[PDB]
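First up is the structure itself, then whatever we jot down about it.
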Amino acid sequence: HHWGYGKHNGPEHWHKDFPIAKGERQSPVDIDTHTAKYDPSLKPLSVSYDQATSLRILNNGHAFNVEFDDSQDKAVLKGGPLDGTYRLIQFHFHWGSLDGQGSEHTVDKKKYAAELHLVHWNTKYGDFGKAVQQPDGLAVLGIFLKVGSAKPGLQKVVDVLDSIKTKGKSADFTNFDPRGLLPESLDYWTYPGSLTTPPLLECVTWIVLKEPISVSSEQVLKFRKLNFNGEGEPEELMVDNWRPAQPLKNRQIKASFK
Ligand SMILES: N=C(N)NC(=N)NCCc1ccc(S(N)(=O)=O)cc1
Ligand SMILES: N=C(N)NC(=N)NCCc1ccc(S(N)(=O)=O)cc1
Ligand SMILES: [Zn+2]
């Protein structure tokens, strides 16, 4: 009886094995745009992905992760609210059964069809496992997806998904350029939070871009053909793998833009 995205093991149950689920810095949150304060001290984000080395794509039973070589400073996030250098380790998405839900963060209670998380760890802690134990260990760049025009830079991802349909399946996934998943603007909101899946550790500086990317209906339909289950097991479509918004508590959401 492991955690997941069902009625009997979904987000409202997670606290039983992971009590931090009820903590003071949980993610995601609703971003209330009128109250988020413009902070002129925030810097432009520096996204430096020119040397990114993707390696593999994995269906982990909860999402699919595109994994990177993080053994050197190649694909790094700097600037913005961050001190120091954060290396890209993986990206994944959360998405819905329908276009009207799927994102983790919400904007004035609006849910997007999906949300991309580019996960980075602070090099001062040496490895990801050490970084998740620190309040400034991770930086997750969150990007909303809306359904409209296709995103050309997502299609390579879409087209490999049939080969990793079920939990535990992986495939080669070299030479993928994550710059193709960004929007035009790097304007963002930021706040201190957590991982949005167990173990729910409170180690994340969240950076959520304001501008969504557009993907096609056909692209997101292919996400929804993935399975939570393993091969040969009863098919459970991998949909609605999002945690809903958690209480903000006293936390300030800051905007990089006026
Ligand atoms: N830097 C190193 N030499 N070593 C290292 N362990 N690198 C991280 C490799 C890794 C692990 C898990 C994921 S996943 N499946 O969680 O996305 C993505 C990438
Ligand atoms: N648990 C697994 N099977 N795999 C995994 N690679 N998770 C690693 C830890 C993690 C990273 C980013 C987020 S988030 N959703 O906050 O960006 C949540 C959790
Ligand atoms: Zn995520």
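Ordering of the structure tokens sets the chain letters (A, B, ...); residue numbers start at 1 within each chain; ligands are numbered from 1 in the order shown.
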Open item on the list: What's around segment 121-138 of chain A at 10 Å? Count only C-alpha atoms, leave out sequence neighbours fewer than 6 positions away in its own chain, and write the answer as a PyMOL selection string.
Closed with: chain A and resi 70-73+76-78+82-89+192-195+199-206
TODO: Just the strand (DSSP E) stuff from segment 63-243 of chain A, please, per backbone DSSP, written as an MDAnalysis selection string.
DONE: chainID A and resid 64:68 76:79 86:95 106:107 114:122 138:147 170:172 188:193 204:209 213:215
Check every protein, DNA and RNA residue against ligand 3, keep those with an atom at most 12 Å away (counting only C-alpha atoms and all ligand atoms), and present them as an mmCIF file with N, CA and C atoms, in the first residue's frame.
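Produced file selection.cif, reproduced below:
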data_model
loop_
_atom_site.group_PDB
_atom_site.id
_atom_site.type_symbol
_atom_site.label_atom_id
_atom_site.label_comp_id
_atom_site.auth_asym_id
_atom_site.auth_seq_id
_atom_site.Cartn_x
_atom_site.Cartn_y
_atom_site.Cartn_z
ATOM 1 N N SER A 27 4.532 22.372 -0.716
ATOM 2 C CA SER A 27 4.225 22.780 -2.083
ATOM 3 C C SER A 27 3.320 21.744 -2.730
ATOM 4 N N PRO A 28 2.599 22.083 -3.800
ATOM 5 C CA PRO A 28 2.509 23.431 -4.377
ATOM 6 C C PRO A 28 1.605 24.346 -3.582
ATOM 7 N N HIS A 62 5.047 7.140 -11.243
ATOM 8 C CA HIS A 62 4.399 8.373 -10.783
ATOM 9 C C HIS A 62 4.426 9.489 -11.823
ATOM 10 N N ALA A 63 5.422 9.441 -12.695
ATOM 11 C CA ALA A 63 5.624 10.337 -13.802
ATOM 12 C C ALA A 63 6.668 9.702 -14.697
ATOM 13 N N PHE A 64 7.153 10.455 -15.677
ATOM 14 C CA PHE A 64 8.371 10.058 -16.371
ATOM 15 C C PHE A 64 9.415 11.124 -16.105
ATOM 16 N N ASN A 65 10.653 10.678 -15.887
ATOM 17 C CA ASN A 65 11.754 11.601 -15.646
ATOM 18 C C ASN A 65 12.766 11.503 -16.778
ATOM 19 N N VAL A 66 13.098 12.662 -17.353
ATOM 20 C CA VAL A 66 14.227 12.800 -18.247
ATOM 21 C C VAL A 66 15.433 13.154 -17.381
ATOM 22 N N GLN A 90 17.108 16.324 -13.402
ATOM 23 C CA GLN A 90 16.019 15.680 -14.135
ATOM 24 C C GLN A 90 14.922 16.700 -14.356
ATOM 25 N N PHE A 91 14.088 16.407 -15.345
ATOM 26 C CA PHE A 91 12.807 17.065 -15.437
ATOM 27 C C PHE A 91 11.697 16.027 -15.569
ATOM 28 N N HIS A 92 10.493 16.446 -15.154
ATOM 29 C CA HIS A 92 9.300 15.654 -15.294
ATOM 30 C C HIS A 92 8.120 16.598 -15.366
ATOM 31 N N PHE A 93 6.936 16.015 -15.553
ATOM 32 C CA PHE A 93 5.702 16.761 -15.629
ATOM 33 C C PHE A 93 4.677 16.178 -14.667
ATOM 34 N N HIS A 94 3.669 16.995 -14.375
ATOM 35 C CA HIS A 94 2.445 16.579 -13.745
ATOM 36 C C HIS A 94 1.333 16.996 -14.684
ATOM 37 N N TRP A 95 0.297 16.169 -14.841
ATOM 38 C CA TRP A 95 -0.767 16.472 -15.776
ATOM 39 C C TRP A 95 -2.078 15.843 -15.351
ATOM 40 N N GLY A 102 -4.352 19.638 -13.890
ATOM 41 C CA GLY A 102 -3.094 18.972 -14.152
ATOM 42 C C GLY A 102 -1.927 19.655 -13.482
ATOM 43 N N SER A 103 -1.967 21.003 -13.402
ATOM 44 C CA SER A 103 -0.867 21.701 -12.762
ATOM 45 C C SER A 103 -0.937 21.524 -11.261
ATOM 46 N N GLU A 104 0.219 21.714 -10.632
ATOM 47 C CA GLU A 104 0.363 21.673 -9.186
ATOM 48 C C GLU A 104 0.167 23.068 -8.613
ATOM 49 N N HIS A 105 1.045 23.985 -8.992
ATOM 50 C CA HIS A 105 0.767 25.378 -8.729
ATOM 51 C C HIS A 105 -0.463 25.825 -9.500
ATOM 52 N N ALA A 114 -0.993 21.114 -17.378
ATOM 53 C CA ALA A 114 0.160 20.371 -16.913
ATOM 54 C C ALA A 114 1.170 21.372 -16.386
ATOM 55 N N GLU A 115 2.208 20.822 -15.748
ATOM 56 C CA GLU A 115 3.283 21.617 -15.191
ATOM 57 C C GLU A 115 4.578 20.829 -15.346
ATOM 58 N N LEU A 116 5.592 21.483 -15.882
ATOM 59 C CA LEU A 116 6.947 20.976 -16.035
ATOM 60 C C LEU A 116 7.771 21.428 -14.856
ATOM 61 N N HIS A 117 8.529 20.478 -14.274
ATOM 62 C CA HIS A 117 9.462 20.749 -13.197
ATOM 63 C C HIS A 117 10.851 20.355 -13.661
ATOM 64 N N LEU A 118 11.738 21.351 -13.759
ATOM 65 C CA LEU A 118 13.145 21.184 -14.018
ATOM 66 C C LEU A 118 13.832 21.259 -12.658
ATOM 67 N N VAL A 119 14.388 20.125 -12.219
ATOM 68 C CA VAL A 119 14.863 19.947 -10.850
ATOM 69 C C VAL A 119 16.379 20.128 -10.813
ATOM 70 N N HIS A 120 16.845 20.992 -9.911
ATOM 71 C CA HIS A 120 18.257 21.290 -9.798
ATOM 72 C C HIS A 120 18.686 21.225 -8.336
ATOM 73 N N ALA A 139 16.505 23.814 -6.329
ATOM 74 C CA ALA A 139 15.772 24.858 -7.030
ATOM 75 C C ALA A 139 14.991 24.133 -8.099
ATOM 76 N N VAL A 140 13.658 24.290 -8.081
ATOM 77 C CA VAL A 140 12.806 23.691 -9.082
ATOM 78 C C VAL A 140 12.179 24.826 -9.893
ATOM 79 N N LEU A 141 12.430 24.772 -11.191
ATOM 80 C CA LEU A 141 11.880 25.697 -12.156
ATOM 81 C C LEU A 141 10.603 25.071 -12.685
ATOM 82 N N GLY A 142 9.492 25.726 -12.396
ATOM 83 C CA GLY A 142 8.187 25.257 -12.773
ATOM 84 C C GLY A 142 7.658 26.063 -13.946
ATOM 85 N N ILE A 143 7.112 25.350 -14.933
ATOM 86 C CA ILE A 143 6.614 25.949 -16.157
ATOM 87 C C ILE A 143 5.250 25.365 -16.431
ATOM 88 N N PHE A 144 4.265 26.232 -16.583
ATOM 89 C CA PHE A 144 2.908 25.784 -16.883
ATOM 90 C C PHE A 144 2.777 25.420 -18.361
ATOM 91 N N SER A 194 8.615 22.892 -0.895
ATOM 92 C CA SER A 194 8.939 21.492 -0.699
ATOM 93 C C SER A 194 8.904 20.686 -1.991
ATOM 94 N N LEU A 195 9.391 19.442 -1.923
ATOM 95 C CA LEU A 195 9.072 18.460 -2.951
ATOM 96 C C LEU A 195 7.555 18.279 -2.914
ATOM 97 N N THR A 196 6.948 18.031 -4.073
ATOM 98 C CA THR A 196 5.511 17.846 -4.161
ATOM 99 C C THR A 196 5.117 16.373 -4.189
ATOM 100 N N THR A 197 6.071 15.448 -4.071
ATOM 101 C CA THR A 197 5.795 14.035 -3.854
ATOM 102 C C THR A 197 6.579 13.613 -2.632
ATOM 103 N N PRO A 198 6.163 12.511 -1.986
ATOM 104 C CA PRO A 198 6.963 11.924 -0.924
ATOM 105 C C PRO A 198 8.398 11.781 -1.387
ATOM 106 N N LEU A 200 8.461 14.712 0.364
ATOM 107 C CA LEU A 200 7.851 15.991 0.724
ATOM 108 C C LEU A 200 8.798 16.906 1.507
ATOM 109 N N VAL A 204 13.171 23.147 -1.105
ATOM 110 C CA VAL A 204 13.051 23.713 -2.446
ATOM 111 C C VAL A 204 12.885 25.225 -2.432
ATOM 112 N N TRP A 206 11.309 27.414 -4.960
ATOM 113 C CA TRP A 206 10.481 27.348 -6.143
ATOM 114 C C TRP A 206 10.616 28.592 -6.982
ATOM 115 N N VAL A 208 8.635 29.796 -10.347
ATOM 116 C CA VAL A 208 7.543 29.425 -11.222
ATOM 117 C C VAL A 208 7.434 30.492 -12.283
ATOM 118 N N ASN A 241 -1.639 13.070 -11.841
ATOM 119 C CA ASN A 241 -0.481 12.867 -10.983
ATOM 120 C C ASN A 241 0.012 14.190 -10.404
ATOM 121 N N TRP A 242 -0.909 14.999 -9.897
ATOM 122 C CA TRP A 242 -0.628 16.295 -9.311
ATOM 123 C C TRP A 242 -1.125 16.311 -7.882
ATOM 124 N N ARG A 243 -0.380 17.027 -7.052
ATOM 125 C CA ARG A 243 -0.765 17.328 -5.681
ATOM 126 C C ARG A 243 -1.504 18.654 -5.684
ATOM 127 N N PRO A 244 -2.611 18.819 -4.949
ATOM 128 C CA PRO A 244 -3.282 20.119 -4.997
ATOM 129 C C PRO A 244 -2.567 21.113 -4.093
#
Open item on the list: When you count only C-alpha atoms and all ligand atoms, which of these residues is closest to ligand 1: A:79, A:10, A:178, A:61?
Closed with: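 The answer is A:61, which sits nearest to ligand 1.
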- [ ] Go through A:38, A:5, A:49, A:18 and flag the residue nearest residue 181 of chain A, using only C-alpha atoms for the distances.
- [x]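 Answer, going by the shortest atom-to-atom distance: A:49.
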- [ ] Name the residues of segment 33-243 of chain A that fall into helix (DSSP H, G or I) according to DSSP on the backbone, using the chain letters and numbers of this document, as number ranges by chain.
- [x] A: 123-125, 128-131, 152-164, 178-181, 217-223
Would you write out those residues with N, CA, C and O atoms, as a compact mmCIF listing (two decimals), in the first residue's frame?
# COMPACT_ATOMS: atom_id res chain seq x y z
N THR A 123 25.14 22.86 -5.71
CA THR A 123 26.42 22.18 -5.80
C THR A 123 27.18 22.26 -4.49
O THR A 123 28.09 21.45 -4.31
N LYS A 124 26.83 23.20 -3.59
CA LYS A 124 27.59 23.27 -2.35
C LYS A 124 27.39 22.02 -1.49
O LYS A 124 28.15 21.83 -0.54
N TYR A 125 26.36 21.20 -1.76
CA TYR A 125 26.08 20.00 -0.98
C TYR A 125 26.58 18.72 -1.66
O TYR A 125 26.38 17.62 -1.13
N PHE A 128 22.71 15.11 -4.87
CA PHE A 128 21.30 15.36 -4.70
C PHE A 128 20.79 14.87 -3.35
O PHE A 128 20.00 15.54 -2.71
N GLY A 129 21.22 13.67 -2.94
CA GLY A 129 20.76 13.10 -1.69
C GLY A 129 21.12 13.94 -0.48
O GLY A 129 20.37 13.98 0.50
N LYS A 130 22.28 14.60 -0.50
CA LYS A 130 22.63 15.52 0.56
C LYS A 130 21.83 16.82 0.43
O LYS A 130 21.44 17.43 1.42
N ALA A 131 21.65 17.30 -0.80
CA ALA A 131 20.96 18.58 -1.00
C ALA A 131 19.52 18.55 -0.50
O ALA A 131 19.07 19.56 0.03
N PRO A 152 7.26 22.39 -30.43
CA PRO A 152 8.12 21.55 -31.26
C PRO A 152 9.19 20.82 -30.46
O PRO A 152 9.44 19.65 -30.69
N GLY A 153 9.73 21.47 -29.44
CA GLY A 153 10.80 20.94 -28.62
C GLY A 153 10.35 19.87 -27.64
O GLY A 153 11.19 19.20 -27.05
N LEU A 154 9.05 19.67 -27.50
CA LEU A 154 8.52 18.58 -26.70
C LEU A 154 8.32 17.31 -27.50
O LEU A 154 8.21 16.25 -26.89
N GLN A 155 8.30 17.36 -28.83
CA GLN A 155 7.87 16.19 -29.57
C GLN A 155 8.80 14.99 -29.37
O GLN A 155 8.32 13.86 -29.34
N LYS A 156 10.12 15.20 -29.26
CA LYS A 156 11.00 14.06 -29.03
C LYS A 156 10.58 13.30 -27.76
O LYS A 156 10.59 12.06 -27.70
N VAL A 157 10.21 14.05 -26.72
CA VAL A 157 9.73 13.40 -25.51
C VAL A 157 8.46 12.60 -25.77
O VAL A 157 8.40 11.43 -25.46
N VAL A 158 7.49 13.20 -26.45
CA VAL A 158 6.20 12.57 -26.73
C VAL A 158 6.43 11.26 -27.46
O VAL A 158 5.82 10.24 -27.16
N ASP A 159 7.35 11.27 -28.42
CA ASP A 159 7.50 10.13 -29.30
C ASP A 159 8.21 8.94 -28.66
O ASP A 159 8.12 7.85 -29.21
N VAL A 160 8.88 9.13 -27.51
CA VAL A 160 9.51 8.00 -26.85
C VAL A 160 8.60 7.35 -25.81
O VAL A 160 8.92 6.31 -25.26
N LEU A 161 7.46 7.98 -25.50
CA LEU A 161 6.65 7.54 -24.40
C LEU A 161 6.07 6.15 -24.63
O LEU A 161 5.90 5.41 -23.65
N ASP A 162 5.76 5.78 -25.87
CA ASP A 162 5.26 4.43 -26.12
C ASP A 162 6.26 3.35 -25.68
O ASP A 162 5.87 2.23 -25.40
N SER A 163 7.55 3.66 -25.62
CA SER A 163 8.58 2.71 -25.25
C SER A 163 8.76 2.61 -23.75
O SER A 163 9.49 1.76 -23.30
N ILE A 164 8.15 3.51 -22.97
CA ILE A 164 8.23 3.47 -21.51
C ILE A 164 6.83 3.51 -20.90
O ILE A 164 6.56 4.20 -19.91
N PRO A 178 16.84 20.82 -23.32
CA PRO A 178 15.70 21.33 -22.56
C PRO A 178 15.42 22.81 -22.79
O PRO A 178 14.37 23.29 -22.39
N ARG A 179 16.29 23.53 -23.51
CA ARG A 179 15.96 24.91 -23.89
C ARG A 179 14.69 24.94 -24.73
O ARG A 179 14.04 25.98 -24.78
N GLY A 180 14.39 23.86 -25.45
CA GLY A 180 13.20 23.78 -26.26
C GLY A 180 11.90 23.71 -25.48
O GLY A 180 10.84 23.67 -26.10
N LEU A 181 11.97 23.66 -24.15
CA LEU A 181 10.78 23.61 -23.31
C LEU A 181 10.51 24.92 -22.60
O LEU A 181 9.55 25.01 -21.84
N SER A 217 -3.04 19.42 -28.09
CA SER A 217 -3.93 18.40 -27.56
C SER A 217 -3.29 17.03 -27.77
O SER A 217 -3.22 16.26 -26.83
N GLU A 218 -2.75 16.80 -28.96
CA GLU A 218 -2.20 15.50 -29.31
C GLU A 218 -0.99 15.16 -28.43
O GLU A 218 -0.79 14.02 -28.04
N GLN A 219 -0.16 16.16 -28.13
CA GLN A 219 0.97 15.96 -27.25
C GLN A 219 0.53 15.53 -25.85
O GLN A 219 1.02 14.54 -25.30
N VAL A 220 -0.41 16.25 -25.25
CA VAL A 220 -0.81 15.89 -23.91
C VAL A 220 -1.61 14.58 -23.89
O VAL A 220 -1.51 13.81 -22.94
N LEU A 221 -2.34 14.26 -24.97
CA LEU A 221 -3.03 12.98 -25.05
C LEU A 221 -2.04 11.84 -24.91
O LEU A 221 -2.37 10.81 -24.32
N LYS A 222 -0.84 12.01 -25.46
CA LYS A 222 0.17 10.97 -25.40
C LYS A 222 0.71 10.83 -23.99
O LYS A 222 1.00 9.73 -23.53
N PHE A 223 0.79 11.91 -23.22
CA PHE A 223 1.13 11.75 -21.81
C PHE A 223 0.12 10.85 -21.10
O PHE A 223 0.46 10.04 -20.25
- [ ] Compare A:69, A:235, A:50, A:24 by their minimum atom-to-atom distance to ligand 1, counting only C-alpha atoms and all ligand atoms, and give me the closest one.
- [x]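 Answer, going by the shortest atom-to-atom distance: A:69.
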TODO: Would you mind telling me which residue in A:249, A:60, A:68, A:47 lies nearest to residue 191 of chain A when using only C-alpha atoms?
DONE: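 Closest residue, counting only C-alpha atoms: A:249.
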Near residue 36 of chain A, within 9 Å and counting only C-alpha atoms, which residues show up once chain neighbours fewer than 3 positions away are dropped, as a compact mmCIF listing (two decimals) with C-alpha atoms, in the first residue's frame?
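Contents of selection.txt, freshly written:
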# COMPACT_ATOMS: atom_id res chain seq x y z
CA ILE A 31 -0.13 32.04 -6.43
CA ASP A 32 -2.37 34.98 -5.67
CA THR A 33 -1.07 37.48 -8.21
CA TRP A 189 7.37 34.08 -8.93
CA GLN A 252 5.75 35.35 0.95
CA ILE A 253 5.51 34.83 -2.79
CA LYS A 254 7.75 37.32 -4.57
CA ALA A 255 7.50 38.47 -8.21
- [ ] Tell me, as a list in words, which residues lie within 6 Å of residue 55 of chain A, counting only C-alpha atoms; anything in the same chain fewer than 3 positions away does not count.
- [x] residues 67, 68, 173 and 174 of chain A
Would you save the residues of that selection, restricted to N, CA and C atoms, as a compact mmCIF listing (two decimals), in the first residue's frame?
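Final file, again_33.txt:
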# COMPACT_ATOMS: atom_id res chain seq x y z
N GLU A 67 16.43 12.26 -17.39
CA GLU A 67 17.55 12.34 -16.49
C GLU A 67 18.75 12.92 -17.21
N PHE A 68 19.56 13.68 -16.46
CA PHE A 68 20.74 14.33 -16.99
C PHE A 68 22.00 13.84 -16.28
N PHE A 173 17.91 8.29 -23.88
CA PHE A 173 17.34 9.57 -24.24
C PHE A 173 18.43 10.61 -24.24
N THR A 174 19.34 10.49 -25.17
CA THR A 174 20.49 11.37 -25.31
C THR A 174 20.18 12.51 -26.24
